[PDB]
Amino acid sequence: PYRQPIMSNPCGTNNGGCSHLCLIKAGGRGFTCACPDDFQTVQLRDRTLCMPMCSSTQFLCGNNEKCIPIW
Amino acid sequence: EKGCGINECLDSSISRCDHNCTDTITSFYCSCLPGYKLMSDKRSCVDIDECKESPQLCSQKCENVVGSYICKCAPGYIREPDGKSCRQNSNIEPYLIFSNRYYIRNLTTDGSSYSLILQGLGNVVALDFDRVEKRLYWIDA
Amino acid sequence: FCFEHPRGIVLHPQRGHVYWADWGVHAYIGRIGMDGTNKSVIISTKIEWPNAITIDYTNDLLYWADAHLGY
Ligand SMILES: *[C@@H]1O[C@H](CO)[C@@H](O[C@@H]2O[C@H](CO)[C@@H](O[C@@H]3O[C@H](CO[C@H]4O[C@H](CO)[C@@H](O)[C@H](O)[C@@H]4O)[C@@H](O)[C@H](O[C@H]4O[C@H](CO)[C@@H](O)[C@H](O)[C@@H]4O)[C@@H]3O)[C@H](O)[C@H]2NC(C)=O)[C@H](O)[C@H]1NC(C)=O
Ligand SMILES: *[C@@H]1O[C@H](CO)[C@@H](O[C@@H]2O[C@H](CO)[C@@H](O[C@@H]3O[C@H](CO)[C@@H](O)[C@H](O)[C@@H]3O)[C@H](O)[C@H]2NC(C)=O)[C@H](O)[C@H]1NC(C)=O
Ligand SMILES: *[C@@H]1O[C@H](CO)[C@@H](O[C@@H]2O[C@H](CO)[C@@H](O[C@@H]3O[C@H](CO)[C@@H](O)[C@H](O)[C@@H]3O)[C@H](O)[C@H]2NC(C)=O)[C@H](O)[C@H]1NC(C)=O
Ligand SMILES: [Ca+2]
Ligand SMILES: [Ca+2]
Ligand SMILES: [Ca+2]
């Protein structure tokens with residue numbers, strides 16, 4: 001356990017309010033919301049919109065949680 | 001031939017040997033105390049940042065002082081009476097986990113024990129662990 | 001210095017950086033933020049085959065091994 005030292009989670013108990021991904025900012029202090037591969041980051045005034053953007057050979061899941069190949 | 005030489009530091013601040021001085025038959029040479037180095041001007045001394053200039057002095061962490069240095073230990077470790085060697089304080093003993101192509105193996109730090117964590121894999125080329133969930137991850141290439 | 005043969009990775013979540021190595025023709029040890037910002041080159045000289053990389057966390061030193069130069 002010494003080789004993974006204890007630290008506070010910036011995205012603590014709320015996913016940092018991010019829709020999909022909360023990533024630690026460079027320098028460790030902050031956090032940045034991000035979107036998966038086949039999503040478009042339509043950044044709004046006070047939130048990041050992860051708008052789905054998947055090819056005609058892909059299928060979009062019901063909750064827009066991900067999109068998978070059509071086969 | 002200086003007629004014949006004598007110490008040139010004796011006169012007040014001639015050559016401005018910052019720390020200490022010594023002479024010879026036809027010249028002087030200043031010197032600096034341990035923990036101080038002379039810079040290019042050959043007259044003045046500066047502090048050594050032993051925590052950057054010589055990291056190996058302290059086993060675990062270093063704090064620079066003007067002159068000497070002090071070694072300290074990260075939380076969870078205690079410094080043994082030698083003044084420099086930190087020792088892990090947890091009563092959990094570390095063991096190595098490494099991959100052969102077909103196997104993830106368990107090996108003690110001193111090499112005393114050696115056992116299989118898992119077998120029959122394709123080609124495990126990388127692994128990592130998570131202490132929060134006590135879970136192990138690997139890439140089967 | 002470009003991704004040609006990535007190998008070896010270590011996180012440093014205290015300062016939010018990811019260090020990785022590449023043993024391509026122009027071998028290097030890179031650094032990036034955990035959220036994909038602040039790309040930089042940490043080591044680029046006297047390095048041919050950096051297969052191995054880690055951070056000690058207690059002293060905050062980066063360590064690596066070169067397979068060719070054998071150090
Ligand atoms: C190998 O080691 C692993 C890791 O230590 C063990 O996994 C843990 O097992 C314990 C049970 O012994 C789990 O404890 C239980 O956690 C529940 C909450 O977390 C779980 O459920 C949420 C649901 O969203 C998941 O997100 C999460 O990942 C967990 O799966 C509690 O609700 C449980 O409480 C119930 O039982 C306790 C007593 O045990 C009562 O006091 C409560 O009233 C209640 O009835 C329970 O505490 C623990 O969560 C597991 N860890 C993980 C990461 O899942 C394996 O069990 C172990 N395997 C063996 C065979 O040794
Ligand atoms: C983002 O990446 C850059 C580039 O790698 C980082 O910049 C570097 O930061 C270190 C630490 O501050 C600098 O070292 C220090 O430099 C000063 C002189 O400027 C010196 O007095 C100190 O003793 C120390 O050596 C380093 O020079 C600097 N490099 C550059 C080109 O700016 C930066 O820290 C990163 N920021 C984050 C938050 O990720
Ligand atoms: C090189 O030159 C330096 C600079 O003078 C010398 O440092 C001085 O050394 C003397 C003798 O050890 C120190 O004197 C002692 O001071 C204490 C008080 O701290 C006193 O109680 C003792 O009775 C004694 O007088 C002096 O403090 C020290 N100067 C400083 C500022 O550190 C050094 O000794 C010289 N080295 C050589 C090998 O020539
Ligand atoms: Ca010092
Ligand atoms: Ca090369
Ligand atoms: Ca070799």
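Among the residues of the stretch C:22-46, which ones are among the polar types (S, T, N, Q) and away from ligand 5 (no atom under 13 Å from the Cβ)? It would help to see each step written out before you state the result.
Taking the stretch C:22-46 first, the residues among the polar types (S, T, N, Q) are C:37-38, C:40, C:44-45.
Passing the criteria: C:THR37, C:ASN38, C:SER40.
The number of residues in the stretch C:1-42 that are facing chain A (nearest Cβ under 9 Å) and of a type outside the set (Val, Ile, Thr) comes to 11. Checked against the criterion of being over 28 Å from the mean Cα position of the chain (by Cα), among the polar types (S, T, N, Q) and exposed (fewer than 11 other Cβ atoms within 10 Å of the Cβ), the stretch B:78-100 has no qualifying residue. If you go through the stretch B:80-111 and keep only what is within 13 Å of another protein chain (Cβ to nearest Cβ), without any contact (Cβ under 8 Å) to a residue 12 or more places away in the chain and more than 21 Å from B:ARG135 (Cα to Cα), you end up with just B:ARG87.
Looking only at the stretch B:1-58, count every residue that is among the charged types (D, E, K, R), farther than 30 Å from B:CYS71 by Cβ and in a loop (DSSP other than H, G, I, E, B) and tell me the total. Write out each step before concluding.
Our first condition is that a residue be among the charged types (D, E, K, R); within the stretch B:1-58, this holds for B:1-2, B:8, B:11, B:16, B:18, B:23, B:37, B:41-43, B:47, B:49-50, B:52-53.
Restricting the remaining residues to those that are farther than 30 Å from B:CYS71 by Cβ gives B:1-2, B:8, B:11, B:16, B:23, B:41-43.
Filter once more, keeping what is in a loop (DSSP other than H, G, I, E, B): B:1-2, B:8, B:11, B:16, B:41-43.
Selection size over the stretch B:1-58: 8.
The C-beta contact set for the stretch A:1-14 (first residue at the interface with another protein chain (Cβ under 10 Å from one of its Cβ atoms), second residue surrounded by 10 or more Cβ atoms within 10 Å (Cβ to Cβ) and charged (D, E, K, R), distance under 9 angstrom, 6+ apart or interchain) comprises A:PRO1/B:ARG131; A:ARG3/B:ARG131; A:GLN4/B:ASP130; A:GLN4/B:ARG131; A:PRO10/A:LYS25; A:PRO10/A:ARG29. Would you confirm whether any residue within the stretch A:18-35 is under 17 Å from C:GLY36 (Cβ atoms), part of a loop (DSSP other than H, G, I, E, B) and of a type in the set (A, V, I, L, M)? There is at least one residue in the stretch A:18-35 that is under 17 Å from C:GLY36 (Cβ atoms), part of a loop (DSSP other than H, G, I, E, B) and of a type in the set (A, V, I, L, M).
Virtual Cβ from ideal backbone geometry, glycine too; neighbours counted across all protein chains shown. Rule-based calculations on the coordinates, nothing more; no lab input.
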